[PDB]
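Student:
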Amino acid sequence: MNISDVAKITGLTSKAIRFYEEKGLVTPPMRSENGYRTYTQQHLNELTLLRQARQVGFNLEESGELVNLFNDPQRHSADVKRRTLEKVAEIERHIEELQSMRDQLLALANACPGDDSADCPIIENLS
Amino acid sequence: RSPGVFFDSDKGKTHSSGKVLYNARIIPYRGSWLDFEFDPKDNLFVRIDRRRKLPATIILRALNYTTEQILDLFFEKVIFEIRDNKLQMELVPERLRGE
Amino acid sequence: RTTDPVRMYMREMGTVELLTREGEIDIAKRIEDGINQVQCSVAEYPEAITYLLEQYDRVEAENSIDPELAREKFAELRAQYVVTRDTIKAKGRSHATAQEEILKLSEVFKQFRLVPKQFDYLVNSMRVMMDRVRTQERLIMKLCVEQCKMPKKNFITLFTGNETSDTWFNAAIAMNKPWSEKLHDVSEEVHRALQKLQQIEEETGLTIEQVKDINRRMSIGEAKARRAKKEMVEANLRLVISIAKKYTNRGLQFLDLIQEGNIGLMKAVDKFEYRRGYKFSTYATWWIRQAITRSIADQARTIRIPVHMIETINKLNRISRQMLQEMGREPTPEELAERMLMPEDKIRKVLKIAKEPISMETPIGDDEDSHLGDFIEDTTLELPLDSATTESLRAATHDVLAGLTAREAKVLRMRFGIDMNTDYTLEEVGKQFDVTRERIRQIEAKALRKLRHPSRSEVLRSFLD
RNA sequence: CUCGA
DNA sequence: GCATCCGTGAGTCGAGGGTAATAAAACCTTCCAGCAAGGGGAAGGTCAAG
DNA sequence: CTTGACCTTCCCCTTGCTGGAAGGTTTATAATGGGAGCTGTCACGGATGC
Numbered sequence: 001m002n003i004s005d006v007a008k009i010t011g012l013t014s015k016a017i018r019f020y021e022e023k024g025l026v027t028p029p030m031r032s033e034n035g036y037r038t039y040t041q042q043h044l045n046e047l048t049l050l051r052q053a054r055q056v057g058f059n060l061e062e063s064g065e066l067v068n069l070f071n072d073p074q075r076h077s078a079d080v081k082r083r084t085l086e087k088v089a090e091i092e093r094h095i096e097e098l099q100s101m102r103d104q105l106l107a108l109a110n111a112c113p114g115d116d117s118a119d120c121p122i123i124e125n126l127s
Numbered sequence: 151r152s153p154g155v156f157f158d159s160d161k162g163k164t165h166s167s168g169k170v171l172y173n174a175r176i177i178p179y180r181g182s183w184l185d186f187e188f189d190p191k192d193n194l195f196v197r198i199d200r201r202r203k204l205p206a207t208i209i210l211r212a213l214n215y216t217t218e219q220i221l222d223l224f225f226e227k228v229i230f231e232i233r234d235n236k237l238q239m240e241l242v243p244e245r246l247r248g249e
Numbered sequence: 093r094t095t096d097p098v099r100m101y102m103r104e105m106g107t108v109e110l111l112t113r114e115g116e117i118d119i120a121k122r123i124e125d126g127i128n129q130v131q132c133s134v135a136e137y138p139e140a141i142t143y144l145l146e147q148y149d150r151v152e153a154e210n211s212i213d214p215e216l217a218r219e220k221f222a223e224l225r226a227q228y229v230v231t232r233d234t235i236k237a238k239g240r241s242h243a244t245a246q247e248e249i250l251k252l253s254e255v256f257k258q259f260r261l262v263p264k265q266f267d268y269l270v271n272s273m274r275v276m277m278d279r280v281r282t283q284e285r286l287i288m289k290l291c292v293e294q295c296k297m298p299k300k301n302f303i304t305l306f307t308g309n310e311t312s313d314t315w316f317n318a319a320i321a322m323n324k325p326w327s328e329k330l331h332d333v334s335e336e337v338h339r340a341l342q343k344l345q346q347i348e349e350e351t352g353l354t355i356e357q358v359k360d361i362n363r364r365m366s367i368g369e370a371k372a373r374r375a376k377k378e379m380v381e382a383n384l385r386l387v388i389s390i391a392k393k394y395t396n397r398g399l400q401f402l403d404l405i406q407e408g409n410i411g412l413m414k415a416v417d418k419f420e421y422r423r424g425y426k427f428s429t430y431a432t433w434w435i436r437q438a439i440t441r442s443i444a445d446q447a448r449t450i451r452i453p454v455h456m457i458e459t460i461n462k463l464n465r466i467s468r469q470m471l472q473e474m475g476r477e478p479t480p481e482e483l484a485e486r487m488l489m490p491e492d493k494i495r496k497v498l499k500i501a502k503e504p505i506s507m508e509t510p511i512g513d514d515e516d517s518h519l520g521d522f523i524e525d526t527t528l529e530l531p532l533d534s535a536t537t538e539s540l541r542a543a544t545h546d547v548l549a550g551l552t553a554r555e556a557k558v559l560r561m562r563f564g565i566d567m568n569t570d571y572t573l574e575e576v577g578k579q580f581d582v583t584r585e586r587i588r589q590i591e592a593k594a595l596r597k598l599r600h601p602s603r604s605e606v607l608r609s610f611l612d
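Protein chains in written order, with the entry's author numbering: chain G, 1 to 127; chain C, 151 to 249; chain F, 93 to 154, 210 to 612.
(1) Which complete alpha helix (DSSP H) runs does the segment 488-539 of chain F hold, if anything under 4 residues is left out?
(2) DSSP three-state label for C:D192, please.
(3) Would you decide whether C:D185 is buried or exposed? Buried here means 16 or more other CB atoms lie within 10 Å of its CB.
(4) Quick check on the burial criterion: 16 or more other C-beta atoms within 10 angstroms. Buried or exposed for F:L341?
(5) Go to C:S159, then tell me how far its beta strand (DSSP E) extends in each direction, as first and last residue.
(6) What do you reckon, are the CB atoms on F:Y228 and F:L252 nearer than 8 Å?
(7) Could you tell me the distance, in whole angstroms, from the CA atom of G:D79 to the CA atom of G:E90?
(8) Enumerate, from N- to C-terminal direction, the unbroken alpha helix (DSSP H) stretches of 4 or more residues contained entirely within the segment 34-84 of chain G.
(9) Just list the alpha helix (DSSP H) runs in the segment 212-261 of chain F, keeping only unbroken ones of 4 residues or longer that don't cross its boundaries, in chain order.
(10) The alpha helix (DSSP H) spanning F:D267 covers which residue range?
(11) F:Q342 bridges to which residues according to DSSP?
(12) Looking at the structure shown, is G:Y20 part of a helix, part of a strand, or coil, going by DSSP?
(13) Among F:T509, F:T526, F:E524 and F:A556, which one has its Cα closest to the Cα of F:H518?
(14) Starting from residue 148 of chain C, trace the beta strand (DSSP E) both ways and give me its first and last residue.
(15) Considering only the alpha carbon of each residue, which of C:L246, C:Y215, C:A212 and C:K161 lies closest to C:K227?
(16) Give the secondary structure of C:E187 by DSSP, where H, G and I count as helix, E and B as strand, and everything else as coil.
(17) Would you tell me roughly how many angstroms separate the C-alpha atoms of F:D612 and F:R562, rounded to the nearest one?
(18) CB residue 181 of chain F to CB F:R385, shorter than 8 Å?
(19) Alpha carbon to alpha carbon, how far is F:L224 from F:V255?
(20) Find the nearest neighbour of G:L60 within the set G:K87, G:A109, G:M1 and G:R37, judged by alpha-carbon distance.
(21) Rounded to whole angstroms, what is the Cα-Cα separation between F:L399 and F:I443?
(22) Who are the Cβ neighbours of F:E116 in its own chain at under 8 Å, not counting the five residues just before and after it?
(23) Work out the CA separation of F:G411 and F:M102 for me, nearest whole Å.
(24) Would you mind giving the Cβ-Cβ distance between F:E481 and F:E491, rounded to the nearest angstrom? I have them listed as a contact below 8 Å.
(25) Going by DSSP, what residues sit across from C:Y172 in a beta bridge?
(26) Locate the beta strand (DSSP E) running through C:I232, then write down its first and last residues.
(27) Would you kindly report the start and end of the unbroken alpha helix (DSSP H) that includes F:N464?
(28) Mind reading off the beta-carbon distance from G:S63 to G:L44? Whole number of angstroms is fine, and I expect it under 8 Å.
(29) What did DSSP end up calling C:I177 once you bin it into helix, strand or coil?
(30) How would you write the range of the alpha helix (DSSP H) that F:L404 sits in, first residue to last?
(31) Can you tell me which residues form a DSSP beta bridge with G:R31?
(32) Measuring straight from C-alpha to C-alpha, what distance separates F:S506 and G:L25?
(33) State the DSSP-derived secondary structure class of C:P205, mapped to helix, strand or coil.
(34) Quick one: is F:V134 buried, meaning 16 or more other Cβ sit within 10 Å of its Cβ, or exposed?
(35) Is it buried or exposed, G:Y36, if we count other Cβ atoms within 10 angstroms and call 16 or more buried?
(36) Taking only three categories from DSSP, how would you classify F:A318?
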């Protein structure tokens, strides 16, 4: 199982797996009497965990310890729940500021009908 | 030069004491240049494509000719007769002319 | 009587005969029986024990085989080695029971999984040990025959005697040969060097006599393998000149393609399996074509293009060959990028790399006296008018700095590197005068204000443009 | 190669 | 010893035009640049008072 | 002549990758001896080879 067949099972780019091997995220794979990475189902499980973790909203380092919390057989899930609640709190903190951008942008887009004039009520506020 | 056959002769300049040597070429529009030439020993020689010299009857043996047919093609036979231990030849007067 | 080398090569290869269908099977059987002697004769050496140890300890932490076969074929051999290893010391090394355990640990050892790197590793291990004992024996032969002058007839009576203890060293000197009674000055080299051979004895565990027949079997098997390979290589030497007719596109000469295809064929011989029922010309054509098409892309170019750029050139040239037959007009790069599905500046970049250089002896008219190398102007030369004004400027700068008195002249000269070996920065020239960094800059500004006043720099007005 | 002395 | 075979020569000085052709493919590896906006710092150059 | 405050350019650095360049290794029906180019000079001297 080389690097191109694991790109079709999960969906990562072939360069991104070498990137995740470069930084400290996944289990290092064996070599095959030559310069060729070989892959077992453990690395497959780690990569299909990491792609889903990227798609739900975690960053590279909290997922980088989530994978280590998945590898060990203990996984006392109190800190797991703590990190997921911290993540949804981070999503709340981002979405409140982004909707604040929405509210502060809707109050200035009321005027300016769009005629052939040379003055604008929007270009004069920030200037 | 036009293609075809061409009989040429050097006026001298090869061997001393005259002995003009009449060579003969065959110039095709494309191909090798078959050539014939004489010698101061009055032999005949073939130079295929201006290579080294070669005895000219070796191109006749290559054409499936025996050395009986080669003498038949070029020469003119004089028949002899031996009857009752006599040595009498045949003679047409056109052959013996100026000996 | 000829000078064309290709006639010599074809006349030399013409003496050998082609092979039939069963001839290749015969030569493959010869190669397999040549390597099998090395395989079954390495089983009586501790390097094979090291190979067993590493190959089962690699899978300890672990047609494509099932893993249970790998866990089975490397398991019982360790316990059999445990029973064989101590029992050779029991009442004799080569006994009726000990040599039967030797054949036991040799015949159950056929658990091959033969990968050629881990096969040649054992031969590379054994050859340096045989070379170690060979250099020790040759140094003994060099000291005793050439320096102590004892004859080789009286030398082999005890050199073949033990080669472990020093009874050979002091027992043949009972016969004097009084040039060789001179040993009390030259004793200290031969026994001290024999401690090294005793070290090799205690490292391998096997004696001097029972290790030379091993390398004799290695030499027999390897010579049989090489003499088997030579006939298969020499027999198919017409296939390479049959393939190398086509790649004579003028980068390389005709003989270089044949000499690269022969190396391709020698790679193809060692890889060819006869088990699959395929003829040899089915396999070796790939390894000949690869070697020729690799050498023709690495060599045969003056400005050397990398291998992956040749594919980008050749795709463009195949598409530009197809577009001429299709459209009838020569393709512009803008409509060529539509077929190639590339940006247009990429295609304009690839169409710049090509066109290998013109020879500098080519004639540019139709002549033969005017070559191209008589038109190339040298541009690196400094102009003789630009090398005469650069001395008058140097003299005028040496002139006008004389009116500056004592401190601003030196710091102005070594601030711009004038008449110095190099330039000095602000702090390196501030550390010379007293300490100061800012005072040097103030002196420099005052000096530039002194130079800019129009009573000295009238001469340096016309040096500007 | 074509031309000039 | 001598017919034959091979190597080396064959005027000088100026113009003008020129300066080209075409040829595998899937796989793997390491290394470097760049990109969405800056932050940080280090080695040199000036300013305005004192 | 002195001190601190500011300027300059330039090199390195921050994620989550992606694009590209340069290098190496295989592929199993059967394929078994090249081809381009030369012929329209003359006169030696001197190796060379029976």
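Just so you know, even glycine gets a beta-carbon here, dropped at the ideal spot from N, CA and C.
Tutor: The structure says:
(1) If we require 4 residues or more, the alpha helix (DSSP H) runs fully inside the segment 488-539 of chain F come out as 491-497.
(2) As a first step, residue 192 of chain C is located in the second sequence; it is residue number 42 there, counting from the start. Reduced to three states, the DSSP call for C:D192 is coil.
(3) By one-based count along the second sequence, residue 185 of chain C stands at place 35. By the 16-neighbour rule on beta-carbons within 10 angstroms, C:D185 is buried.
(4) Counted from its first residue, the third sequence places residue 341 of chain F at position 194. The residue in question, F:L341, is buried, as its Cβ has 16 or more Cβ neighbours within 10 Å.
(5) What you label residue 159 of chain C is simply residue 9 of the second sequence in a count that begins at 1. In this chain, the beta strand (DSSP E) harbouring C:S159 covers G154 to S159.
(6) The residue labelled residue 228 of chain F in the question sits at position 81 within the third sequence. The residue labelled residue 252 of chain F in the question sits at position 105 within the third sequence. Cβ distance < 8 Å, so F:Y228 and F:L252 count as in contact.
(7) As a position in the first sequence, residue 79 of chain G is number 79, starting the count at 1. As a position in the first sequence, residue 90 of chain G is number 90, starting the count at 1. If I take the Cα positions, the gap works out to 16 Å.
(8) Restricting attention to alpha helix (DSSP H) runs no shorter than 4 residues, the segment 34-84 of chain G encloses them at 41-56 and 62-71, ordered along the chain.
(9) Within the segment 212-261 of chain F, the runs of alpha helix (DSSP H) that reach at least 4 residues and sit entirely inside it are, in chain order, 214-220, 223-234 and 245-254.
(10) Numbered from 1 along the third sequence, position 120 holds the residue referred to as residue 267 of chain F. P263 to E293 is the extent of the alpha helix (DSSP H) around F:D267.
(11) Taking the third sequence and counting its residues from 1, the one referred to as residue 342 of chain F is at position 195. For F:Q342, which the question treats as bridged, DSSP gives no partner whatsoever.
(12) Numbered from its first residue, the first sequence carries residue 20 of chain G at position 20. In the structure shown, G:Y20 adopts helical secondary structure according to DSSP, grouped into three states.
(13) Position 371 of the third sequence, counted from the start, is the residue given in the question as residue 518 of chain F. The closest CA to that of F:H518, considering only F:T509, F:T526, F:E524 and F:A556, is found on F:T509.
(14) The requested residue 148 of chain C is not part of the displayed model; chain C covers only 151 to 249.
(15) Here the question's residue 227 of chain C lines up with position 77 in the second sequence. Of the candidates C:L246, C:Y215, C:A212 and C:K161, the one whose C-alpha sits nearest the C-alpha of C:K227 is C:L246.
(16) Along the second sequence, read from residue 1 onward, the residue named residue 187 of chain C stands at position 37. Strand, per DSSP.
(17) In the third sequence, residue 612 of chain F corresponds to position 465, counting from 1. In the third sequence, residue 562 of chain F corresponds to position 415, counting from 1. Roughly 24 Å between the two C-alpha positions.
(18) There are no atomic positions for residue 181 of chain F here, as chain F continues from 154 directly to 210.
(19) By 1-based counting over the third sequence, the position of residue 224 of chain F is 77. By 1-based counting over the third sequence, the position of residue 255 of chain F is 108. Cα to Cα, F:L224 sits roughly 7 Å from F:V255.
(20) For the purposes of this step, residue 60 of chain G is taken as the residue at position 60 of the first sequence. Measuring C-alpha to C-alpha distances from G:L60 to each of G:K87, G:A109, G:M1 and G:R37 identifies G:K87 as the nearest.
(21) For the purposes of this step, residue 399 of chain F is taken as the residue at position 252 of the third sequence. For the purposes of this step, residue 443 of chain F is taken as the residue at position 296 of the third sequence. Distance between the alpha carbons of F:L399 and F:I443 is about 7 Å.
(22) To locate residue 116 of chain F, count along the third sequence from 1; it is residue 24. So the qualifying residues of the chain are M379, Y421, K426 and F427.
(23) Your numbering for residue 102 of chain F matches position 10 in the third sequence. Your numbering for residue 411 of chain F matches position 264 in the third sequence. Going from the Cα of F:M102 to the Cα of F:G411 covers about 19 Å.
(24) On the third sequence, position 334 is the one that residue 481 of chain F refers to. On the third sequence, position 344 is the one that residue 491 of chain F refers to. Going by Cβ atoms, the distance from F:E481 to F:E491 rounds to 6 Å, so yes, they are a contact pair.
(25) One-based indexing of the second sequence puts residue 172 of chain C at position 22. BP columns for C:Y172 point to C:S159.
(26) As a working note, residue 232 of chain C is residue 82 in the second sequence. Where C:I232 is concerned, the enclosing beta strand (DSSP E) stretches over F230 to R233.
(27) Against the third sequence, residue 464 of chain F aligns to sequence position 317. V454 to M474 is the extent of the alpha helix (DSSP H) around F:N464.
(28) As a position in the first sequence, residue 63 of chain G is number 63, starting the count at 1. As a position in the first sequence, residue 44 of chain G is number 44, starting the count at 1. For a cut-off of 8 Å, the C-beta gap from G:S63 to G:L44 is around 16 Å, too long to register as a contact.
(29) Start at 1 with the first residue of the second sequence, and residue 177 of chain C comes out as number 27. Three-state DSSP puts C:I177 in a strand.
(30) The residue given as residue 404 of chain F occupies position 257 in the third sequence. Its alpha helix (DSSP H) spans residues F401 to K418.
(31) Locating residue 31 of chain G in the first sequence gives position 31, where the first residue counts as 1. BP columns for G:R31 point to G:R37.
(32) For the purposes of this step, residue 506 of chain F is taken as the residue at position 359 of the third sequence. For the purposes of this step, residue 25 of chain G is taken as the residue at position 25 of the first sequence. Answer to the nearest angstrom: the Cα atoms are 57 Å apart.
(33) For the purposes of this step, residue 205 of chain C is taken as residue 55 along the second sequence, with counting starting at 1. If DSSP states are grouped into helix, strand and coil, C:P205 belongs with the strands.
(34) Looking up residue 134 of chain F in the third sequence gives position 42. Under this definition F:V134 is a buried residue.
(35) As a first step, residue 36 of chain G must be located in the first sequence, where it is residue number 36. That one is exposed.
(36) One-based indexing of the third sequence puts residue 318 of chain F at position 171. DSSP places F:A318 in helix when its eight states are reduced to three.
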